[PDB]
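Chains as they are written, first to last, in our numbering: chain A, -17 to 315; chain B, 20 to 342; chain E, 287 to 617; chain R, 45 to 367.
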Amino acid sequence: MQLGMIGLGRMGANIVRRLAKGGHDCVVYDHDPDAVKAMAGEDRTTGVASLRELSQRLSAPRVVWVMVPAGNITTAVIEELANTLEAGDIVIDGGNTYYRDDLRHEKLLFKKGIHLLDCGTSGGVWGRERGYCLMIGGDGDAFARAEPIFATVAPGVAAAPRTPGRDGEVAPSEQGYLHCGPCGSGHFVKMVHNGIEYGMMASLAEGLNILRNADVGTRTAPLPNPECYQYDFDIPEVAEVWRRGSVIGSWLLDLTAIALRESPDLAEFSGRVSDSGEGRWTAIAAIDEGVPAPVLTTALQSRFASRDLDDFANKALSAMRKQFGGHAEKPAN
Amino acid sequence: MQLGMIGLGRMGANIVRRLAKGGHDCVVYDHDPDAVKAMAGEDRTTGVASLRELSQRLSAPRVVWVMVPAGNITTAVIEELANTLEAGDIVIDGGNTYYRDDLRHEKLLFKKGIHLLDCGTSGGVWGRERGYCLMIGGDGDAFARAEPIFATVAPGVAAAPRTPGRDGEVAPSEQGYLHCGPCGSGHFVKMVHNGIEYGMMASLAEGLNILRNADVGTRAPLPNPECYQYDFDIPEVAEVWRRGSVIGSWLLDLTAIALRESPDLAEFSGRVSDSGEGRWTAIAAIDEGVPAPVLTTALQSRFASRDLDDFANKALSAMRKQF
Amino acid sequence: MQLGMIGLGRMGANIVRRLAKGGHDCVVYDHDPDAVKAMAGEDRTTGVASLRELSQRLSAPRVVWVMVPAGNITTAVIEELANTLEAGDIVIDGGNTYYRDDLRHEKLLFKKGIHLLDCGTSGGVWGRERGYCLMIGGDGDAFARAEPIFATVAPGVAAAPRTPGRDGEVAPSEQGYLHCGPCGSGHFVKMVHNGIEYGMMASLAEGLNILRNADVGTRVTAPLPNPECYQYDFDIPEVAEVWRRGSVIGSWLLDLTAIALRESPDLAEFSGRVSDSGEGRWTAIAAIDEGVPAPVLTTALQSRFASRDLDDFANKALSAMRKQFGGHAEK
Amino acid sequence: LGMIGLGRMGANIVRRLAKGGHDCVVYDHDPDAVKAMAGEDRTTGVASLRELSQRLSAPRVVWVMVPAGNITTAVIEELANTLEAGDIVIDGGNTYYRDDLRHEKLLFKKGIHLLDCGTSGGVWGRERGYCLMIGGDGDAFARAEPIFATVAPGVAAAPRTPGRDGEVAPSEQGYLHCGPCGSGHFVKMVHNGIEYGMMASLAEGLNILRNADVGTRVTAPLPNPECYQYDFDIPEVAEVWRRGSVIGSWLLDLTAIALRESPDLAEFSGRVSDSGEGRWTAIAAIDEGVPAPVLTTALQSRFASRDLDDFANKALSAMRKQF
């Protein structure tokens, strides 16, 4: 069927290509018209430069997909589409929008008789060929109507064997997309998906670091039994070995195996790690719900400390440690 | 070829049967016949009730596998082999041995001609068919001798596409087994493997829990009850995350299976054991000055699920009564 | 000076009595005329039957202290205090209100020209005799205008020896009260006060549990290597006592800790389920927006959750994975 | 009794001991030390371990506070040959409570006793007294208890515990025989654990406040920047908490001092060392199955402050690039 895409970033673009390859008619716009002409070249690029233009070259009922930066710019666009589109149309925001914002947007465009489908999109660069895991919330009927687009841009059941106990017909979840519930529920689930992302990468990273320093007995606190810690491990080969037959098999380990093999010491990488903030929201939801989430919240708190956001607290320790114990801050290595 | 196998549990037995279909000769023995007895002439399988019957049964170099419950049972076996095994024969300890105990086991054997390869065995109860990831330490020539076994138990490179940039011939690492270094290093890596495993499990456990309670507004005051109105179908989220997402993993796959069998996991108590490798990994982290909150917090969650925080909760309760 | 106090729970009733004995004239209102009546006999105090009559008896400009259940009850009192009060009068919110909620109350009262003093009140029951540590956000003149009352409710610098490094005419902070900043500052600092309180509680508690089970080698799942290293039966109440002078971990909480362990050495009668206020939750939310790592504070909050079994589905999911990949049973 | 080594701790003990009234004979590896003995008041030095050993009677009691590690152990093995039987050695160093068990065995071989001592209070100990936790023999302790009460702060240091009626017990004094060998050091270890957690708590809260103005200074895109526009007088917030609230504590008063001297705490870099007893507290929790996230994460915050998270961060950065 026929679809419009506002925003052609590394992700906006790879969905219109994966869709054009899947047999759908795509229309598109990004403010920068060197990126709007980039696609014009491809199958069903159908480039365009107007919101009105767009609403024009698409026939209602129509479905438009939005992937522009979260925050003001997104809402800005929904604002317009409140005009530019007719009633009974459909709005898919696949941006990294906060689920509480999806509730205002659903409000606004309901007045104009548009439906908002909120699509939590994950996958990265691989998704144009692999496909994206989509987590969608919104009105039940408008999901039915746009379901062909999700089914095409999800990886599809072929991507992984069926789970044992899965019976007969293929359910959408097995395809890689899911109506997670009403409005906002798609971004909500994707939010928690990124929180789990953090927890898994920290578990890999901390482990790697334990292995890395198992030689501490070769080389202040006295170390009892330094005869015990005398190992120099091959971190690239342990990472690779764990990829088959173990319990921690995962994409992230696969990725870590690659990275360790290019750089065995990760020497050129920054010790400064950022967070998306979706990880922030996942931690705040957990607090709001009384759900203890130390593993995910500490993984996120380890990123903050990696940006020296623990600065003042550290000085307070050294300040306390000085006044009770004359304790000295040791010089930098 | 040939080898011995002391212990025939869920693991020891199943590696024997994957060892056998691989063309190896096994000599099964478990302190219980009902177990040994349990294996009724499984291809390439013969049962003895003698460590002695066991040793002399096969050719030098005399070497074999022990899969007995970790602790003094492992040690208590590892003294008997002292009294047997001749010399030049290497003991393969595939059990969940604390690597520090590996050091005492190896020297005790050094007072003889016996070699010791400590093998951290992974893969659980999927391993008969899937294969077991293995991390072994001890001597490189002793490892070289037993290498044909390690390749057969392991999953083989075919179990996963090769790493981008892996060119030429398959390395040990690629086939699912790896010689990690001197004695103890095998069980040391796998100890850390279980540490990482606790933190992956907990990462997705906590996440599902956040989702499961997103319907909080419908049922410590909560502002914005209108922001917590969702009744998520956890079995479906778990299987959507299998394809096209960052967090794919074998653990997610197994979590998906279990939610399909039981959408509320009602059968499970929530009282979670820990076998020790997670704790040893946390101690190693602490002695190395490596901060590991994410892994250690996951261990501590398992303690709490067993009500081991109870005395502290009592102290908290008793403090607030005062003010 | 003259003051209004709305509601009379133990907190609200005691601020009233700490004030009227400090030489302040108190006019009290409550939902419950029973509660209003208990304040009729008290020196310098007077009851009311409606907010209209409350302000009839306070000479504008008036200062009204609200001490009521946080949330929807607080908002309602304030909303009609917009009608009962004229321009330039001030409303002190001493209740346990969310600082973000103070933002909508300030705007809703300025529309009618009422200043909103937000006041975070700590210390509990001993405050009636020892004073409440006070933290006040809002307008600086309104604060200066109502400062005689904050001063009187506070403990007073007698309560603690002065700080080495301070000398002179006593600053407001050494009174036990302080002007934190614009509206919401007082509840903001007071919510972090509780977060720290949870942090210290927890540290003691974990500490004592570590002592409690040093005898773990005697009694005998993970093999405990080196069992001989854990063969101690510790006198926990004496250990807490000894720490009370000469250590670094001296604190009012350790003092209460020592008391509690003296009455009951095994805390046998006490609950293992620990509830949480909500400010501790506000604190942890604040830390995450700010990008401030607070594992200690937050992990103390999260321990509270797990003690009310709120960790349960997570636990079931761990066990479900364990049976899938290992055939592990639950004991 | 004498004192071996004279650091900030070992010396201000014997300055407090003598003013108290007993006589101590002083020693050290470095004679360049010995700023004492001016008198030393009630104090006279020595130039050899040997010289001191044949000194001050045969009721031998000597107190060691030299840095822990192997420098300790050498002293005790030397002090074994140089003390005669019946004399017991007090160890007030930060010794792993397990180190004491070989030493106390080492010493009763030749009839010398040991008493573990957990010595706290630091640069305030002289005028404020040093809280001591002592492990060992019940009679050896009793003979030395004169030393401990003049070393400790004295019951006067704080009001008696409400509900403690009757006569003074040693704990109110500031000292206590915690139990057998190693127990004295075990308690000071946990004290140090709790301390890390108590100041991390305050430290974290102060950091929270310090950054309550992130809505002005403008990583995630912050929602509700209006909710975070506060500049707090951190040295006054510190002060006001000292009266009338729950977090009253000595660590706060010292934090209120430092902030009055240094409003932004510039003279401290952020690099926080850890003497080791925090680590053993955490390891004891993990051996006992006691969950101690608050204390174990306070210590991990120190680790990260020394950049020991480094490789894990490089790891997370290398993973993100792969997306």
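C-beta atoms are modelled at their ideal positions from N, C-alpha and C, and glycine is treated no differently.
List the whole-angstrom C-beta distance separating residue i from residue j, where the pair is believed to meet the contact cut-off of C-beta under 8 Å.
i	j	result
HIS157 of chain R	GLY180 of chain R	7 Å
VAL284 of chain R	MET421 of chain E	7 Å
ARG262 of chain A	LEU278 of chain A	Wrong, their Cβ atoms sit about 11 Å apart, outside the cutoff.
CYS152 of chain B	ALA173 of chain B	7 Å
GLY53 of chain A	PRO111 of chain R	Between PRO111 of chain R and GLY53 of chain A the Cβ distance is about 56 Å, and since that is not below 8 Å, they are no contact.
How would you call residue i, buried or exposed, if buried means at least 16 neighbouring beta carbons within 10 angstroms?
i	result
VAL456 of chain E	exposed
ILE55 of chain A	exposed
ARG204 of chain R	exposed
residue 18 of chain B	Outside the displayed span of chain B (20 to 342) sits residue 18 of chain B, for which this structure offers no information.
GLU179 of chain A	buried
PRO218 of chain A	buried
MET287 of chain E	exposed
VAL262 of chain R	exposed
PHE367 of chain R	exposed
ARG390 of chain E	exposed
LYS398 of chain E	exposed
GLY295 of chain B	buried
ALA186 of chain R	exposed
Starting from the beta carbon of residue i, find every residue of chain E whose beta carbon is closer than 7 Å, and list them in chain order.
i	result
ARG286 of chain R	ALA446
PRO276 of chain A	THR585, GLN588
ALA196 of chain R	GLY532
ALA265 of chain A	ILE574
Along chain A, in chain order, which residues have C-beta atoms closer than 7 Å to that of residue i?
i	result
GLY577 of chain E	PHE286, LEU291
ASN228 of chain B	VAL273
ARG119 of chain B	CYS210
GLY143 of chain B	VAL229
What residues of chain B sit near residue i, judged by a beta carbon separation below 8 Å?
i	result
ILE230 of chain A	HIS212, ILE215, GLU216, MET219, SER268, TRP269, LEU270
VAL198 of chain A	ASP306, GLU307, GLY308
Look at residue i and residue j and say whether their C-beta atoms are less than 8 Å apart.
i	j	result
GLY173 of chain R	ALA202 of chain R	no
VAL291 of chain B	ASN480 of chain E	no
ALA62 of chain R	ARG86 of chain R	yes
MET109 of chain R	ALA241 of chain A	no
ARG44 of chain A	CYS246 of chain B	no
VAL211 of chain B	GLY189 of chain A	yes
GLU125 of chain B	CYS202 of chain B	yes
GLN212 of chain A	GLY227 of chain A	no
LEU248 of chain A	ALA359 of chain R	yes
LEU540 of chain E	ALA526 of chain E	yes
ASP121 of chain B	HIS206 of chain B	yes
Under 8 Å between beta-carbons, which chain A residues line up against residue i? List them in chain order, please.
i	result
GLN288 of chain E	Going along chain A, no residue has its Cβ under 8 Å from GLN288 of chain E, so there is no contact; the nearest lies around 42 Å.
Please list the partners that residue i has in chain E, where partner means a Cβ-to-Cβ separation under 9 Å.
i	result
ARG262 of chain A	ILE574, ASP575, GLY577
Name, please, each residue of chain B whose Cβ falls closer than 7 Å to the Cβ of residue i.
i	result
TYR213 of chain A	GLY200, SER204, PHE207
Under 7 Å Cβ-Cβ, which residues of chain R neighbour residue i?
i	result
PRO450 of chain E	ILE301
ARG194 of chain A	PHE355
Which residues in chain A sit within 9 Å of residue i, going by Cβ to Cβ distance?
i	result
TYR151 of chain B	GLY227, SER228
In chain E, what lies closer than 8 Å to residue i by C-beta?
i	result
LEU158 of chain R	Within 8 Å Cβ-Cβ: nothing; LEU158 of chain R doesn't reach chain E, min ~16 Å.
* Taking three-plus beta-carbon pairs below 8 Å as touching, is the region 64 to 74 of chain B in contact with the region 99 to 114 of chain B? -> A contact exists between the region 64 to 74 of chain B and the region 99 to 114 of chain B.
* Quick check: the region 289 to 304 of chain E against the region 65 to 73 of chain R, are there 3 or more CB pairs under 8 Å? -> No: fewer than three Cβ pairs fall under 8 Å.
* To do: Report yes or no: do the region 72 to 84 of chain R and the region 582 to 602 of chain E share at least 3 C-beta pairs separated by less than 8 Å?
  => In short, these stretches do not touch, since the Cβ pair count stays below three.
* Asked: Is the region 389 to 403 of chain E close to the region 374 to 381 of chain E, with three or more CB pairs under 8 Å?
  -> They touch, by the three-pair rule.
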